[PDB]
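Report on the structure given below.
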Amino acid sequence: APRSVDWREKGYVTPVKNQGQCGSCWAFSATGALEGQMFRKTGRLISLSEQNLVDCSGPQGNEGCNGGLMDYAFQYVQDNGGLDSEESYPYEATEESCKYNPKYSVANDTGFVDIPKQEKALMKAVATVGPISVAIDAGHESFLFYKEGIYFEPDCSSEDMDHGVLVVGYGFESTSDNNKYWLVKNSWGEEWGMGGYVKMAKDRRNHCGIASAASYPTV
Ligand SMILES: *C(=N)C1(NC(=O)[C@@H]2C[C@@H](S(O)(O)c3ccc(OC)cc3Cl)CN2C(=O)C2(c3ccc(Cl)cn3)CNC2)CC1
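Numbers 1 to 175, 177 to 220, taken from the deposited numbering, label the letters of the sequence shown in order.
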């Protein structure tokens, strides 16, 4: 694998979005990963509808603004035979009746891959696939108020994750002793972290569980 990867540079990643007060992180993580895979397939970067996922993926196990799983989202897209664009089905930050319209479907998937639960495996996937959906322990105030640099939280759990985000690359700071990171796109808007991104500690015993529940859709 390369020493550093950043899929934003290659056109795989849409601008940072903002889930608001709805517990829809899982939907943003899932659209992120699917946006990347669709871009690889077609060469077209098209923002996808989180609202479509929030409103419609109940049968697959998702619970709207009260939480969900990226894999349940990928299963929905496969079951449903499509997913609408952001433009056609805009984000409301509240759970509403399903308004899926197949005329405006711009993405599909044929299942998903769960990555082995090691950072080495995660690195190989990011290098070869594109952006990857991941679960992290975001349940510390240090994360909420993160601004810049490599995020390390001594109390982070590698087993107990509560927030779905998107790994878009990895790399290292040229500064000192702990300098590797995962480049992670959050869904809390551009004013959180580094333009909506966080550089998370990499190769430090699966910090915050970043490799514990990593997956992406097949297209
Ligand atoms: C996001 N705004 C928020 N968090 C979730 O919905 C969160 C997303 C996933 S992950 O990424 O936390 C996750 C945790 C564990 C595992 O496998 C062990 C995989 C994943 Cl992807 C799940 N989330 C949850 O909050 C839970 C959940 C799961 C499933 C459903 Cl239908 C509802 N909630 C609660 N325990 C996992 C804050 C809402």
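No residue lacks a Cβ here, since even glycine has one placed at the ideal position from N, Cα and C.
Within the same chain, 47, 48 and 49 come within 7 Å of residue 86 by CB-CB distance, once the 5 residues on both sides are set aside. Within the region 96–150, the runs of alpha helix (DSSP H) that reach at least 4 residues and sit entirely inside it are, in chain order, 119–128 and 141–144. Not one heavy atom of ligand 1 falls within 8 Å of the beta-carbon of residue 193. Looking at the backbone, the Cα of residue 75 and that of residue 38 are separated by about 16 Å. Assignment of beta-bridge partners to residue 84 by DSSP yields 105. Residue 17 carries a coil assignment under DSSP once its states are collapsed to helix, strand and coil. Below 8 Å, too few C-beta pairs join the region 113–122 and the region 137–154 to call them touching: fewer than three. Distance from the C-beta of residue 208 to the nearest heavy atom of ligand 1 is not below 8 Å.
The beta carbon of residue 66 sits closer than 6 Å to those of 23, all from its chain and outside the five residues before and after it, given in chain order. For residue 76, the Cβ stays outside the 8 Å cut-off from all heavy atoms of ligand 1. For residue 27, the enclosing alpha helix (DSSP H) has its first and last residue at 25–42.
Comparing C-alpha distances from residue 149 to each of 138, 127, 160 and 172 shows the shortest one belongs to 172.
Distance from the Cα of residue 11 is smallest, within the candidate group 2, 35 and 27, for 35. Short of 7 Å from the beta carbon of residue 94, and not among the five residues preceding or following it, lie these beta carbons of its own chain, in chain order: 22 and 65.
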